Structures are given as C-alpha cells and as structure tokens.
Amino acid sequence: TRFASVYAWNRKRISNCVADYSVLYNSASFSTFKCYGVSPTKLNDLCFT
Amino acid sequence: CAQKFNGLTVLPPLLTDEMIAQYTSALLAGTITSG
Amino acid sequence: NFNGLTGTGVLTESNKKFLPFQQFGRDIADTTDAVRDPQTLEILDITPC
Amino acid sequence: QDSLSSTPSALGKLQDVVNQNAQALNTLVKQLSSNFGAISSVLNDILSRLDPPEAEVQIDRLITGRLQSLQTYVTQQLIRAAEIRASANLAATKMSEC
Ligand SMILES: *[C@@H]1O[C@H](CO)[C@@H](O)[C@H](O)[C@H]1NC(C)=O
C-alpha cells in the first residue's frame, strides 16, 4: 500500500524460495522492465544465492 | 587427464623405448666386436 | 543442469570424500569436475564425452 | 654406476626439459580461468545468462584472451623446439664421431 521515498528506499531480502519471473515480465502493467547482466527470458532457468 | 579434457593431448613417440634400447645395444655390440 | 550449473559430459558415482558443506569440486581450468546432487546429496564425477 | 645411484641432480639437463614443458602447459590451462574483461571465464555461464547480442560481446573478450594465450604458448614451443633440435644435432654428431 505504501512505498518509500527514494532517499529512504526500502530493501527486502528474498531467499529460500521458487522465483517465477515470467509472471512479471509477461505482465501488461509495467511501463519499464529492463535487465542488466542477464536476459529476462533466461531468468527462469537460473539459480541465485 | 584434465589437459585432455580441454583439447590438449600427447602423441606417442614413433620409436618406443624398447626400440631405442635395441638401437643402443646394436651400437655397443658393433663397437665392442668390430671397433 | 545442477542447481544452475550447466554443462555436457558423463556422470558417474564418485569416490571423492566431500564434506557436508561442499557442493562441487573444480579443476585448474576453473571447470567443475564433480557435483553434489541437490536432491539425493550423492557425489558425482563429471568427465567429458 | 655408483655416482648415478647417489646423485639426485645428475640428470638435471633432461629433467629441466620436462619441467619447462610441464610449466608451459600448466600456464596455458590456467589461462582458461581468466576473465579477460568478461563477466565470467566460463563460457557456459555467459550463454546461460545472456541473449546472443550481449553474449557476443562477452564471448569476443574471451576469444581474444584465449587466442593470445595460445599464440604465446606456440611461439614459446617453436623457440624451445629449435633449441632441442640443436642439442639433437650435437648428439647425432657425437654419436658419429665419438
Ligand atoms: C528433497 O530433498 C532432500 C534433500 O535436500 C531429501 O532429503 C528429500 O528426500 C527430498 N524429497 C524427495 C521427495 O525426494
């Protein structure tokens, strides 16, 4: 419901779970979706610490 | 082993060590018996 | 593809004595030559085809 | 018979050749661990992460570095080979004359 100011930006740590990134990428609701160091179509194949 | 795994191989000598020893002993026999 | 680690080769049972924390082994070329299977916790050797 | 059996350094000239060649190969293999400016030294990491345009940039960096490493190796082997050939020519001369 509430987002932070940019100077006081929030951070959430995510771990020990299954991440489906296609539900976000294939959404019609986001004006910007830009990936660096990785391609969005490959995110579902990857594992991160 | 791991060198092979990266495209690095070793080719065997045409003459084996046994064959080289045979050449050497032939040279020795020649020298000893016929100068 | 072992927990994100991809490659090609022949897999076999290993005699390598991994400690519980260890997940994989490496050679001098920085290539993984052994992995722990994430489900069975079995140690496997990886050799090229 | 007795001297060779009690002198660890007797065959240094031959051992040095073995050691120099081993060192050159070990160096060549170790260069595969270098990034050369790429995101990873591992080609499979690059291909699993990036699409072909961005991937081609990272791969080109590895190709440049790895080609340079191989050229360095080969040049050194050619120079070393010449030295060995000179030694072999001398050995052949001694076989004939001694
Ligand atoms: C799930 O993985 C764990 C090891 O992390 C293993 O002990 C367990 O038996 C696995 N469950 C199934 C159904 O394979």
# chains A, B, ... in the order shown; residues from 1 in each chain; ligands from 1
$ closest_atom_pairs --of "chain C" --to "ligand 1" --cutoff "9 Å" --atoms "only C-alpha atoms and all ligand atoms" --output "CSV"
residue,atom,partner,partner_atom_place_in_ligand_line,distance
C:37,CA,ligand 1,4 (C),9.0
C:38,CA,ligand 1,5 (O),6.0
C:39,CA,ligand 1,2 (O),4.2
C:40,CA,ligand 1,6 (C),5.9
C:41,CA,ligand 1,4 (C),6.6
$ interface_residues --of "chain B" --to "chain C" --cutoff "9 Å" --atoms "only C-alpha atoms" --output "tab-separated table (two decimals) with C-alpha atoms, in the first residue's frame"
chain	number	residue	atom	x	y	z
B	2	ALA	CA	42.34	-32.75	-17.26
B	3	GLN	CA	44.56	-31.44	-20.04
B	5	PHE	CA	39.58	-32.51	-21.23
B	6	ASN	CA	40.48	-29.12	-22.69
$ atom_distance --atom1 "atom CA of residue 31 of chain D" --atom2 "atom CA of residue 65 of chain D"
8.4 Å
$ closest_atom_pairs --of "chain C" --to "chain A" --cutoff "10 Å" --atoms "only C-alpha atoms" --output "Markdown table"
| residue | atom | partner | partner_atom | distance |
| --- | --- | --- | --- | --- |
| C:1 | CA | A:45 | CA | 9.3 |
| C:2 | CA | A:47 | CA | 9.6 |
| C:3 | CA | A:47 | CA | 6.3 |
| C:4 | CA | A:47 | CA | 5.1 |
| C:5 | CA | A:47 | CA | 8.6 |
| C:6 | CA | A:46 | CA | 9.9 |
$ interface_residues --of "chain D" --to "chain A" --cutoff "8 Å" --atoms "only C-alpha atoms" --output "ChimeraX atom specification"
/D:48-51
$ write_last_selection --atoms "N, CA and C atoms" --output "compact mmCIF listing (two decimals), in the first residue's frame"
# COMPACT_ATOMS: atom_id res chain seq x y z
N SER D 48 24.20 -19.08 -20.59
CA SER D 48 23.00 -19.34 -19.80
C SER D 48 22.38 -18.04 -19.27
N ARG D 49 23.15 -16.95 -19.27
CA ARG D 49 22.67 -15.69 -18.73
C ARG D 49 22.18 -14.69 -19.79
N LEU D 50 22.89 -14.60 -20.92
CA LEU D 50 22.62 -13.53 -21.89
C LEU D 50 22.08 -14.01 -23.25
N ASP D 51 21.34 -13.13 -23.92
CA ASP D 51 20.83 -13.43 -25.28
C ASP D 51 21.98 -13.20 -26.26
$ atom_distance --atom1 "atom CA of residue 11 of chain B" --atom2 "atom CA of residue 90 of chain D"
24.8 Å
$ interface_residues --of "chain D" --to "chain C" --cutoff "8 Å" --atoms "only C-alpha atoms" --output "ChimeraX atom specification"
/D:29-33,42,44-45,48
$ residues_around --residues "residue 61 of chain D" --least-positions-apart "4" --cutoff "7 Å" --atoms "only C-alpha atoms" --output "list in words"
residues 36, 37, 38, 57 and 65 of chain D
$ atom_distance --atom1 "atom CA of residue 21 of chain D" --atom2 "atom CA of residue 34 of chain D"
21.0 Å
$ closest_residue --among "D:39, D:28, D:78, D:62" --to "chain B" --atoms "only C-alpha atoms"
D:28
$ residues_around --residues "residue 36 of chain C" --least-positions-apart "6" --cutoff "9 Å" --atoms "only C-alpha atoms" --output "mmCIF file with N, CA and C atoms, in the first residue's frame"
data_model
loop_
_atom_site.group_PDB
_atom_site.id
_atom_site.type_symbol
_atom_site.label_atom_id
_atom_site.label_comp_id
_atom_site.auth_asym_id
_atom_site.auth_seq_id
_atom_site.Cartn_x
_atom_site.Cartn_y
_atom_site.Cartn_z
ATOM 1 N N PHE C 2 22.769 -28.657 -12.828
ATOM 2 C CA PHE C 2 22.725 -28.926 -11.393
ATOM 3 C C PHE C 2 22.614 -27.646 -10.593
ATOM 4 N N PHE C 18 33.637 -35.626 -0.114
ATOM 5 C CA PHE C 18 33.181 -34.265 0.152
ATOM 6 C C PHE C 18 32.758 -34.121 1.601
ATOM 7 N N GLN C 22 30.469 -28.887 1.303
ATOM 8 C CA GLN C 22 30.971 -28.813 -0.059
ATOM 9 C C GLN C 22 29.916 -29.234 -1.072
ATOM 10 N N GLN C 23 29.767 -28.436 -2.123
ATOM 11 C CA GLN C 23 28.720 -28.668 -3.113
ATOM 12 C C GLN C 23 29.269 -29.138 -4.458
ATOM 13 N N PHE C 24 30.518 -28.795 -4.743
ATOM 14 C CA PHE C 24 31.134 -29.148 -6.015
ATOM 15 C C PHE C 24 32.648 -29.079 -5.921
ATOM 16 N N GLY C 25 33.334 -29.699 -6.879
ATOM 17 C CA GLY C 25 34.788 -29.589 -6.983
ATOM 18 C C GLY C 25 35.197 -28.912 -8.281
ATOM 19 N N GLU C 42 24.120 -37.175 -3.335
ATOM 20 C CA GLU C 42 25.148 -38.045 -3.884
ATOM 21 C C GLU C 42 26.222 -37.240 -4.600
ATOM 22 N N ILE C 43 27.470 -37.678 -4.479
ATOM 23 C CA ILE C 43 28.576 -37.018 -5.172
ATOM 24 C C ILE C 43 28.853 -37.678 -6.510
ATOM 25 N N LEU C 44 28.844 -36.869 -7.565
ATOM 26 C CA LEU C 44 29.061 -37.356 -8.919
ATOM 27 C C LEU C 44 30.308 -36.766 -9.541
#
$ closest_residue --among "B:8, B:14, B:30, B:21" --to "chain D" --atoms "only C-alpha atoms"
B:8
